[PDB]
Amino acid sequence: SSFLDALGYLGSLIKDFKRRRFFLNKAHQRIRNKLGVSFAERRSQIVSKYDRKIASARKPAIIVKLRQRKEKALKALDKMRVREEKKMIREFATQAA
């Protein structure tokens, strides 16, 4: 009987399990939302910055170099996005482990 009425301790402990998991999930989830919004705004900023010059360039070398610089910036930010997302998945998996 000492064990049996000590067996109830499962309920609180499993509640702590599922609850703390909910805690970790929402923490990672807001991390993901924040970083995704970060990437989207970085894109919008860079594309607007380059399109302001693209709108009135009308010179082949200038417009082509502006497009090259914009594409390079987008490629760098894109590498950032992909490495971030893969490492975020790996991070959340490490958390769960």
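Residues numbered from 1 in each chain as written, not as in the entry; some residues may be left out. Part of a larger assembly, values for the part shown. Heavy atoms only, no water.

By the naming in the PDB entry, the chain is Maturation protein, taken from Acinetobacter phage AP205.

> Please provide a residue-by-residue account of helix α2 (residues 9-55), values included.
For α2, built from 47 residues, the straight-helix expectation of 69 Å at 1.5 Å per residue is met to within 8% by its first-to-last C-alpha distance of 69 Å. Next to the buried residues of α2 lie α3 (60-96). (Helix = DSSP H or I, 4+ residues; strand = E, 2+ residues; numbered from the N terminus. Expected span 1.5 Å × (residues − 1). Contact = heavy atoms within 4.5 Å.)

> Pulling in residues and values, what's your account of the packing of α2 against α3?
Relative to each other, α2 and α3 sit at 180°, their axes nearing to 10 Å. Relative to α3, the element α2 lies roughly antiparallel. Tallied by class, the residues present in the contact of α2 with α3 amount to 15 nonpolar, 3 polar and 12 charged. (Axes fitted to C-alpha atoms, helices over the stretch in contact; angles between N-to-C directions. Parallel < 35°, antiparallel > 145°, perpendicular 65-115°, else oblique. Nonpolar A, V, L, I, M, F, W, Y, C, P; charged D, E, K, R; others polar.)

> Got a sec to walk through the pattern of salt bridges? Specific residues and values, please.
Scanning the model with the defined rule gives 4 salt bridges in all. The salt bridge partner of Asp51 is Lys70, with a shortest N-O separation of 2.9 Å. With a gap of 19 residues between them, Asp51 in helix α2 and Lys70 in helix α3 connect regions that are remote in the sequence. For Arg81, the salt bridge identified is with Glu85, shortest N-O distance 3.1 Å. Of this pair, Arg81 and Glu85 both sit in helix α3, 4 residues apart, which is roughly one turn of the helix. Of the residues examined, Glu85 reaches a relative accessible area of 31% and is grouped as partly exposed. One connected set of salt bridges, linked through shared partners, spans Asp16, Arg19 and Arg20. (Salt bridge = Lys/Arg side-chain N within 4 Å of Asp/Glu carboxyl O. Buried < 20%, exposed > 50% of the residue type's maximum accessible area, 1.4 Å probe, protein only.)

> Hey, could you go over the side chain of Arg32 for me, with residue numbers and the actual values?
Checked against the element boundaries, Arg32 lands in helix α2. It turns out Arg32 is buried and unbridged, and the closest side chain with the opposite charge, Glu85, is 4.5 Å from it. Residues contacting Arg32, with those up to four places away along its chain left out, are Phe39, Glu84, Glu85 and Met88. (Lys, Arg positive; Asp, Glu negative; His and termini not counted.)

> Please provide a residue-by-residue account of unusual backbone geometry, values included.
Only a minority of non-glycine residues have a phi that is not negative, and only a minority of peptide bonds are not trans. Not every positive phi belongs to a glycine, and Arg58 is a case in point at roughly 50°. Take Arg58: it is sitting in the loop between α2 and α3. Residue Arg58 is classed as exposed on the basis of its relative accessible area, which comes to 83%.

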